[PDB]
Amino acid sequence: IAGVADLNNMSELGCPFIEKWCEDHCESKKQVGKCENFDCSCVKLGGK
């Protein structure tokens, strides 16, 4: 279960309705944010 056996996880093309919510959280943290198709991840450098 926890290893998932799935590739390219943090591509926003696999989570394009979720990238919005990750930007909203990581913005509060001064990060840019990205989605990993189940949760979010806060990249400190970014800009799409």
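Everything discussed here concerns the structure shown above.
Attention in this report is confined to the structure presented alongside it.

### A short note on the side chain of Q31
Tracing the sequence through the fold places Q31 in the loop between α1 (19-28) and β1 (34-35). One polar contact links the side chain of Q31 to the main-chain carbonyl oxygen of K29, over a distance of 2.8 Å. Looking at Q31, its side chain comes within polar contact range of the side chain of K44, at 2.8 Å. Those residues in contact with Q31 that lie beyond four places of it in its chain are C26, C42, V43 and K44.

### A closer look at the state of the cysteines
Applying the stated criterion across every chain, the model contains three disulfides. Paired by a disulfide, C15 and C35 hold their sulfur atoms 2.0 Å apart. Across the disulfide from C15 to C35, rotation about the S-S bond amounts to roughly 90°, and the bridge is consequently right-handed. Taken as a pair, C15 in the segment before α1 and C35 in strand β1 lie far apart in primary sequence, 20 residues in all. In this structure, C15 and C35 share a single accessibility class: buried.

### Section: α1
Because an α-helix packs 3.6 residues into every turn, residues spaced three or four apart end up facing the same way. Buried within α1 we find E19, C22 and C26. In an axial view of α1, the angular spread of the buried residues amounts to 60°, which keeps them on one side of the axis. In α1, the exposed positions angled more than 90 degrees off the buried face are occupied by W21, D24 and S28. Structurally, α1 contributes buried residues whose contacts are with β1 and β2 (40-41). Positive backbone phi, at 60°, marks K30, one or two positions downstream of α1.

### A word on the environment of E27
Relative to the helices and strands, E27 resides in helix α1. Here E27 falls in the partly exposed class, since its relative accessible area comes to 48%. C-alpha of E27 to C-alpha of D6: the two residues are 21 residues apart in sequence and 28 Å apart in space.

Reading the values: rules and limits
Residues numbered from 1 in each chain as written, not as in the entry; some residues may be left out. Heavy atoms only, no water. Helix = DSSP H or I, 4+ residues; strand = E, 2+ residues; numbered from the N terminus. Polar contact = N/O pair within 3.5 Å; in protein donor to acceptor, adjacent residues only side chain to side chain. Contact = heavy atoms within 4.5 Å. Disulfide = S-S within 2.5 Å. Buried < 20%, exposed > 50% of the residue type's maximum accessible area, 1.4 Å probe, protein only. Arc of directions from axis to C-beta.

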